[PDB]
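Commentary on secondary and tertiary structure
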Amino acid sequence: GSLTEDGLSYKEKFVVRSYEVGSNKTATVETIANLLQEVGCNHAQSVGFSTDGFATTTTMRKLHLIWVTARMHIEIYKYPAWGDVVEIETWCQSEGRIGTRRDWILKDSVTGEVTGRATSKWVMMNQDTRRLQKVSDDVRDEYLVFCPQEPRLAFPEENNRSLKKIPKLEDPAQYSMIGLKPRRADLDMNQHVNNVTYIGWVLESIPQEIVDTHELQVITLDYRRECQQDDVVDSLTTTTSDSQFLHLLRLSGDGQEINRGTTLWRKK
Amino acid sequence: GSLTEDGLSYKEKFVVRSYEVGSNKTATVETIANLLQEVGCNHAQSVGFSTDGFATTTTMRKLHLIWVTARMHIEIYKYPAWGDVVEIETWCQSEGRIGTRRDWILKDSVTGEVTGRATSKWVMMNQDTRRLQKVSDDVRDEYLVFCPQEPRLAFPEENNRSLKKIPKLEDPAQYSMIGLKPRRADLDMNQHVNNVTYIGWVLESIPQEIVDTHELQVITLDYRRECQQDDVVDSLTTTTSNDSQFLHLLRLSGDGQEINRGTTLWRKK
Ligand SMILES: Cc1occc1C(=O)NCc1ccco1
Ligand SMILES: Cc1occc1C(=O)NCc1ccco1
């Protein structure tokens, strides 16, 4: 991969692997999400930021401050087939004191057609206390020089799906998968549960009949609290409708919320 | 990737990804295993075989016959770091009617030094009845033309670790991880649990203190029965031993039906 000519975005090509595809012989949404994280990490490295998923500076490191994902929104038009080359372009943009956005565009390398797009919202937090804090001016200036100044949005439309508020699923859920636990492969280099694991957990409570007859078109997922290495999770889903679902991930015992989201599926 | 000049082996380079590394910022053994499977699949594709993990011909497909892994043995000297390039060479060799072997050599692209090696044993089986059958001469001839004729072994030594018999762990196990279940990401394109998932499940019952102070050098794993999509597994481990050795067993959570047995060898960091 490499930064683009203006140095304000980063592009990388990937060849879809055999173990990366589902029963449709095309990349799963979790493979797509891993590739998004990979290109994001390579963009941070290319300009000198930390590569641990927290995109920190020496200044943030001294203050024990980290960037954390608050929301992921992915829309896929065509899932790449095994052996296909997908090119992904990513960029970062500040949204004031509130937080920062990282966007992605996925393209078919051969045709040049846009096959998917994604957006994410990030917030700054002290890694020990977990307390959120507004971005300081001295740390904002550190990363602004790597972002476009004019608005550049993967989802330009005012009040589009990526910004919709997500309600809390009410019991009883129509479907559930309980007792989900992360294993070592689900952890990152810092021993935290990888953000993509929660996408897989959300999807575990979708009936197999939906997965066999439909394709996932949109997934929006809010991240409220981390699942620790020794926690156990329950994945809940209710049909709200194309097929649409409302999702909730909570701790198996006390029912503490860790994630909420919605999915939209298209009949094959 | 590509077949080599003599067309009897296949090589491919991989750049280690951020999500592919563990706490040591080097590739996990499961990432290594996925890369082994990937280069194996690319070698089958390069010469016209099926790419579903069963390496079948049109002849085998008409008979509902498949190749299945009976044993995996991996030895790693140095785990590649994030961003490093690892080159992997693989080849296949028949071992008579018994079964066939697929071997791998991993190298550091920059230095050319051998950083790891692996071997696997495969057997032919009817995919519906799960009954094993000896390889026929007409099936055998189909793939022999893609294998070296002279012996080429990643583990040449006559009485080496890759061929050692593995005993059955006796209860009580020293350590256990209970209620492990596969999710959709653990399945392949045919909806079978991926062979690498069982490696992760074996390792779940190793105490975190061993993982933090030691590095995995060798893993040998026998595959006896497959875990179905709706099955639940128990991972059991007992220390058998500067080095640490363990005996492992994976069994169904309910009746205790064996699915895998293996051994691991760890070296202090
Ligand atoms: C998504 C995000 O939220 C807060 C910071 C970032 C980020 O990615 N920063 C590193 C970087 C590398 C190139 C541009 O920015
Ligand atoms: C491991 C194995 O056991 C039985 C067959 C095979 C195999 O890989 N065959 C396909 C192939 C591609 C190049 C050479 O052979």
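About the criteria used
Residues numbered from 1 in each chain as written, not as in the entry; some residues may be left out. Chains lettered and ligands numbered in written order. Heavy atoms only, no water. Near = heavy atom within 4 Å. Polar contact = N/O pair within 3.5 Å; in protein donor to acceptor, adjacent residues only side chain to side chain. Areas by Shrake-Rupley, 256 points an atom, 1.4 Å probe, with all protein chains shown as cover. Helix = DSSP H or I, 4+ residues; strand = E, 2+ residues; numbered from the N terminus. Nonpolar A, V, L, I, M, F, W, Y, C, P; charged D, E, K, R; others polar. Contact = heavy atoms within 4.5 Å. Buried area = accessible area lost by both parts, 1.4 Å probe. Salt bridge = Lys/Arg side-chain N within 4 Å of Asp/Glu carboxyl O. Domains from an automatic or database assignment.

Residue and element names in this part refer to chain B. Looking at ligand 2, the residues that line it are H43, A44, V47, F49, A55, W67, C92, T100, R102, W122 and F146. In the environment of ligand 2, an oxygen atom lies 2.9 Å from a nitrogen or oxygen atom belonging to the side chain of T100. At 2.8 Å, a side-chain N or O of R102 approaches an oxygen atom of ligand 2. Coverage of ligand 2 by the protein amounts to 98% of the 380 Å² it exposes when considered alone. Counting only elements with at least two residues in the shell around ligand 2, the list comes to α1 (29-46) and β5 (100-108). Its residues assigned to classes, the shell around ligand 2 shows 8 nonpolar, 2 polar and 1 charged.

This part takes up the interface of chain B and chain A. Contacts between the two partners involve 42 residues from chain B and, on the opposite side, 43 residues from chain A. Taken together, the two surfaces of chain B and chain A that pack against each other cover about 3400 Å², and 43% of this comes from carbon and sulfur. In terms of surface lost to chain A, no three residues of chain B exceed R183, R184 and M189 of chain B, which account for 23% of the buried area on that side. For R183 of chain B, the salt bridge goes to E30 of chain A, with nearest N and O atoms at 2.7 Å. Here chain B is connected to chain A by 18 residue pairs in polar contact. Elements with a minimum of two residues in the side of chain B that touches chain A: α1, β7 (175-180), α4 (195-204) and α5 (208-213) of chain B.

Below, the discussion takes up the domain arrangement of chain B. All names here are of chain B. Partitioning chain B into domains gives domain 1 (2-163) and domain 2 (175-268). Between the C-alpha centres of domain 1 and domain 2 there is a distance of 20 Å. Contacts between domain 1 and domain 2 engage 21 residues on the former and 20 residues on the latter. Between domain 1 and domain 2, the buried area comes to about 1900 Å², and carbon and sulfur atoms account for 48% of it. Looking only at domain 1, the three residues that lose the most surface to domain 2 are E30, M72 and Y79, adding up to 22% of its buried area. The interface formed by domain 1 and domain 2 includes 2 salt bridges. With its nearest N and O atoms 2.8 Å apart, the salt bridge here joins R71 to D222.

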